[PDB]
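Peer 1: Quick note, the sequences are listed as chains A and B, same order.
So the working numbering is basically just the index in the first sequence, starting at one, shifted up by 40.
So the working numbering is basically just the index in the second sequence, starting at one, shifted up by 92.
Where is the CB? At the ideal position from N, CA and C, for every residue including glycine.
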Amino acid sequence: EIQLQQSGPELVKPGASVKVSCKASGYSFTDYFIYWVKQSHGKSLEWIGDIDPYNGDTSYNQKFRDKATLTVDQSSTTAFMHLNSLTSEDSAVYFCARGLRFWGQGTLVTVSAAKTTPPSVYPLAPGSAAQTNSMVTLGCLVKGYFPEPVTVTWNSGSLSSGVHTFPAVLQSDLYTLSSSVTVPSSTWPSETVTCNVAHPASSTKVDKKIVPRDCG
Amino acid sequence: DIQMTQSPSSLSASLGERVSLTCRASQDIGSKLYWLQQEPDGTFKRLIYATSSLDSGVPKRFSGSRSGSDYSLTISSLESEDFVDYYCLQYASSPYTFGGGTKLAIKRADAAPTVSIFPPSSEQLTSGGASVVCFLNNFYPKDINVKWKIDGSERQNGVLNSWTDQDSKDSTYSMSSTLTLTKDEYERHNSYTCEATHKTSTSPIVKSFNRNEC
């Protein structure tokens, strides 16, 4: 089968450069043009350029001529996209493709000046005794970390239903997110509820127990 | 460059329903249009080439057509795997350009948010900060607005919102809203209110707490 296998995620500072590889297999590499595509925001798509592998001939979106440089290696049957002078605007998922028909899996590129920072985890307990249909919603607030991702669990994965972990927002180079869990009033606070927050990039794992603070 | 305006940008429908997505070309693109499908893991696949030709192994419920400058992808009878993203692409003239996309979402009964408000934790206060968080959970349809009020006065600054994708199990959406202040400015005021206005009522859902109450 035809495969296009791209290299892993890149995390670099502004002004740095990056070089993404695209390994092609299951057809004659030089017979088809390789295309490169930018996806911003997780949706919007832009053609960057394409390359003829038989000769080295390239063609660029004028928007990307001073940004991208496309090359190949006939032996490794691999196409490359080198991106220079990186800015925040360059953060995206970049795809290679045979024509615009068969697609690589994409490569996440993130550009940021931020240093690795594990999150602060704060418990979110209701301020009052009020119930709604014998349910309590509890939460944790995961604030000021870099880079993505964090993973949140509740009771070490024991509480999996009624959970919403929200996408992170960026404030001032750092990320924040929240997680809610809803359980019966009869289970909390008679039973402990704890959020578990792992941050692979700093190899930290933090627990925060939700402690009642209402007064009946 | 050629602009491909794609509509709708999202569409609610249900299993068995028939739907259509459209791309309008700003210049004659002839029959040179691809329809692409994208899976949630980011995997792209081509469904249609040359406006109306189905790729090998694409189910027959998919068709492409054209009228004047409008190009459409029709799904005659939706299946569960169909509720993903779709993009047109023109290759008549370089630079090749894409429509902005359509996400197909699952139709369900309207549902009001369960709204919850949370005072800043004492751990955060101790560090000099004060985030007030409001969850607006399990509502349908997707559109919703939140207003913060401090001592009855509307507050816009320092508010950050985040929206989940449609729940895979119950097809609802959720929102979180966080108002961040310094400890000092949090302690100058007393009533913190989160107001949620959703299609399921003319009357907003109001949750508050007072700084010193339990």
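Would you report the Cα separation of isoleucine 94 (chain B) and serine 99 (chain A), rounded to the nearest angstrom?
Peer 2: Numbered from its first residue, the second sequence carries residue 94 (chain B) at position 2. Numbered from its first residue, the first sequence carries residue 99 (chain A) at position 59. Taking the straight line joining both Cα atoms gives about 17 angstroms.
Peer 1: Taking contact to mean at least 3 C-beta pairs separated by less than 8 angstroms, is the segment 233 to 240 of chain A in contact with the segment 187 to 198 of chain A?
Peer 2: Yes: at least three Cβ pairs fall under 8 angstroms.
Peer 1: On the DSSP bridge assignment, give the partners of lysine 249 (chain A) in chain order.
Peer 2: In the first sequence, the residue the question calls residue 249 (chain A) occupies position 209. Bridge partners of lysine 249 (chain A): A:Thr234.
Peer 1: Which whole-angstrom value describes the C-beta separation of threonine 147 (chain A) and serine 47 (chain A), a residue pair presumed to lie in contact below a C-beta threshold of 8 angstroms?
Peer 2: One-based indexing of the first sequence puts residue 147 (chain A) at position 107. One-based indexing of the first sequence puts residue 47 (chain A) at position 7. Yes, they are in contact, since the Cβ atoms of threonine 147 (chain A) and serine 47 (chain A) sit about 6 angstroms apart, within 8 angstroms.
Peer 1: Using a Cβ-Cβ cut-off of 8 angstroms, state whether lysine 107 (chain A) counts as contacting chain B.
Peer 2: Residue numbering aside, residue 107 (chain A) sits at position 67 when the first sequence is read from its first letter. Cβ-Cβ to chain B under 8 angstroms: no for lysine 107 (chain A).
Peer 1: Could you tell me if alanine 117 (chain B) is buried or exposed, where buried requires 16 or more neighbouring beta carbons within 10 angstroms of its beta carbon?
Peer 2: Residue numbering aside, residue 117 (chain B) sits at position 25 when the second sequence is read from its first letter. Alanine 117 (chain B) is buried by the Cβ-count criterion.
Peer 1: Run the CB neighbour count on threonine 206 (chain B), radius 10 Å, all protein chains shown included, and call it buried at 16 or more, exposed below.
Peer 2: The residue you call residue 206 (chain B) lines up with position 114 of the second sequence. Label assigned to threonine 206 (chain B): buried.
Peer 1: Kindly say whether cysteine 286 (chain B), judged by its beta-carbon, lies nearer than 8 angstroms to any beta-carbon of chain A.
Peer 2: Position 194 of the second sequence, counted from the start, is the residue given in the question as residue 286 (chain B). It does not: the Cβ of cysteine 286 (chain B) has no partner Cβ on chain A nearer than 8 angstroms.
Peer 1: Out of B:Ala204, B:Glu279, B:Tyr278, point me to the one whose CA is closest to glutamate 287 (chain B)'s CA.
Peer 2: One-based indexing of the second sequence puts residue 287 (chain B) at position 195. When only C-alpha atoms are compared, the closest one is B:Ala204.
Peer 1: Buried or exposed: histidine 81 (chain A), going by 16 or more other Cβ atoms within 10 Å of its Cβ?
Peer 2: Reading the first sequence from its first residue, position 41 is the one you call residue 81 (chain A). Flag for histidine 81 (chain A) reads exposed.
Peer 1: Residues of chain A with CB closer than 9 angstroms to the CB of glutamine 258 (chain B), please, in chain order.
Peer 2: As a first step, residue 258 (chain B) is located in the second sequence; it is residue number 166 there, counting from the start. The contacting residues do not exist; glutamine 258 (chain B) stays about 12 angstroms from chain A at best.
Peer 1: Assign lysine 78 (chain A) to one of two classes, buried (16 or more other C-beta atoms within 10 Å of its C-beta) or exposed (fewer than that).
Peer 2: As a first step, residue 78 (chain A) must be located in the first sequence, where it is residue number 38. With 16 or more Cβ atoms within 10 Å of its Cβ, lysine 78 (chain A) is classed as buried.
Peer 1: Once you ignore the five residues that flank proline 54 (chain A) on each side, which residues in its own chain have a CB closer than 8 angstroms to its CB?
Peer 2: Numbered from its first residue, the first sequence carries residue 54 (chain A) at position 14. Taken in chain order, the residues that qualify are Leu126, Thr127, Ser128, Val151, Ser152, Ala153.
Peer 1: Helix, strand or coil, according to DSSP, for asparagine 304 (chain B) in the structure here?
Peer 2: Residue numbering aside, residue 304 (chain B) sits at position 212 when the second sequence is read from its first letter. Looking at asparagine 304 (chain B) - three-state DSSP - the assignment turns out to be coil, as it is neither helix nor strand.
Peer 1: Comparing the C-beta of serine 223 (chain B) with each C-beta of chain A, is any distance below 8 angstroms?
Peer 2: In the second sequence, residue 223 (chain B) corresponds to position 131, counting from 1. Yes, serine 223 (chain B) counts as interfacial toward chain A.
Peer 1: Output, in chain order, the set of chain B residues within a Cβ distance shorter than 7 angstroms of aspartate 254 (chain A).
Peer 2: Within the first sequence, residue 254 (chain A) is the residue found at index 214, counting from 1. Result: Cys306.
Peer 1: Establish whether the CB of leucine 252 (chain B) and some CB of chain A are separated by less than 8 angstroms.
Peer 2: Position 160 of the second sequence, counting from 1, holds the residue named residue 252 (chain B). Judged by the 8 angstroms Cβ criterion, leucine 252 (chain B) is in contact with chain A.
Peer 1: In whole angstroms, what is the alpha-carbon distance linking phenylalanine 175 (chain B) and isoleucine 167 (chain B)?
Peer 2: For the purposes of this step, residue 175 (chain B) is taken as the residue at position 83 of the second sequence. For the purposes of this step, residue 167 (chain B) is taken as the residue at position 75 of the second sequence. The straight-line gap from Cα to Cα measures roughly 11 angstroms.
Peer 1: Output needed in chain order: residues of the segment 179 to 199 of chain A with a Cβ under 8 angstroms from some Cβ in chain B.
Peer 2: Correct list: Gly179, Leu181, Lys183.
Peer 1: If we require 3 or more residues per run, which beta strand (DSSP E) segments fall completely within the segment 51 to 124 of chain A?
Peer 2: Complete beta strand (DSSP E) runs here, min 3: 58 to 65, 74 to 80, 84 to 91, 98 to 100, 108 to 113, 118 to 123.
Peer 1: What are the start and end residues of the alpha helix (DSSP H) that includes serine 220 (chain A)?
Peer 2: Numbered from 1 along the first sequence, position 180 holds the residue referred to as residue 220 (chain A). Run containing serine 220 (chain A): none in the alpha helix (DSSP H); it sits in the beta strand (DSSP E), 214 to 224.
Peer 1: Please classify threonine 143 (chain B): does DSSP put it in a helix, a strand, or coil?
Peer 2: The residue labelled residue 143 (chain B) in the question sits at position 51 within the second sequence. Looking at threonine 143 (chain B) - three-state DSSP - the assignment turns out to be coil, as it is neither helix nor strand.
Peer 1: Considering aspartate 177 (chain B), what are the terminal residues of the beta strand (DSSP E) in which it resides?
Peer 2: The residue labelled residue 177 (chain B) in the question sits at position 85 within the second sequence. Segment 177 to 182, the beta strand (DSSP E) holding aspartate 177 (chain B).
Peer 1: Going by the CB atoms, is the gap between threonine 216 (chain A) and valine 182 (chain A) shorter than 8 angstroms?
Peer 2: The count along the first sequence starts at 1 and reaches residue 182 (chain A) at position 142. The count along the first sequence starts at 1 and reaches residue 216 (chain A) at position 176. It is a contact, given that the beta carbons lie within the stated cut-off.
Peer 1: Considering only residues of the same chain and omitting the five flanking positions on each side of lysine 195 (chain B), which have a CB-CB separation below 6 angstroms?
Peer 2: Here residue 195 (chain B) is taken as the residue at index 103 of the second sequence, counted from 1. Here the set comprises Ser102, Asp177.
Peer 1: Where do the ends of the alpha helix (DSSP H) carrying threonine 127 (chain A) lie?
Peer 2: For the purposes of this step, residue 127 (chain A) is taken as the residue at position 87 of the first sequence. No alpha helix (DSSP H) contains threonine 127 (chain A), which DSSP labels as neither H nor E.
Peer 1: What residue does the beta strand (DSSP E) around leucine 148 (chain A) start on, and which one ends it?
Peer 2: On the first sequence, position 108 is the one that residue 148 (chain A) refers to. Segment 147 to 151, the beta strand (DSSP E) holding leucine 148 (chain A).
Peer 1: When you compare each of B:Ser104, B:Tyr265, B:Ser214 to residue 60 (chain B) by their alpha carbons, which one comes out closest?
Peer 2: Because chain B in this structure spans residues 93 to 306, residue 60 (chain B) falls outside the shown range and cannot be described.
Peer 1: What residues match up with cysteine 180 (chain A) in a beta bridge as DSSP calls it?
Peer 2: Here the question's residue 180 (chain A) lines up with position 140 in the first sequence. Answer is A:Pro163, A:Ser219.
Peer 1: Which residues mark the beginning and the end of the beta strand (DSSP E) in which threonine 218 (chain B) is found?
Peer 2: Residue numbering aside, residue 218 (chain B) sits at position 126 when the second sequence is read from its first letter. From DSSP, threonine 218 (chain B) is part of no beta strand (DSSP E) but of the alpha helix (DSSP H) over 214 to 218.
Peer 1: When burial is assigned at 16 or more other CB atoms within 10 Å of the CB, is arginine 138 (chain B) buried or exposed?
Peer 2: Position 46 of the second sequence, counted from the start, is the residue given in the question as residue 138 (chain B). So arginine 138 (chain B) ends up on the buried side.
Peer 1: Would the segment 88 to 105 of chain A and the segment 63 to 72 of chain A be scored as touching if the rule is three or more Cβ pairs under 8 angstroms?
Peer 2: Contact holds: three or more Cβ-Cβ distances are below 8 angstroms.
Peer 1: Can you find the residues in the same chain that come closer than 8 angstroms, C-beta to C-beta, to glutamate 246 (chain B), ignoring five residues on each side of it along the sequence?
Peer 2: Here the question's residue 246 (chain B) lines up with position 154 in the second sequence. Around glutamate 246 (chain B): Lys239, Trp240.
Peer 1: For chain B, is any of its Cβ atoms less than 8 angstroms away from the one on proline 224 (chain A)?
Peer 2: Position 184 of the first sequence, counted from the first residue, corresponds to residue 224 (chain A). No, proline 224 (chain A) lies away from the interface with chain B (no Cβ there is under 8 angstroms from its Cβ).
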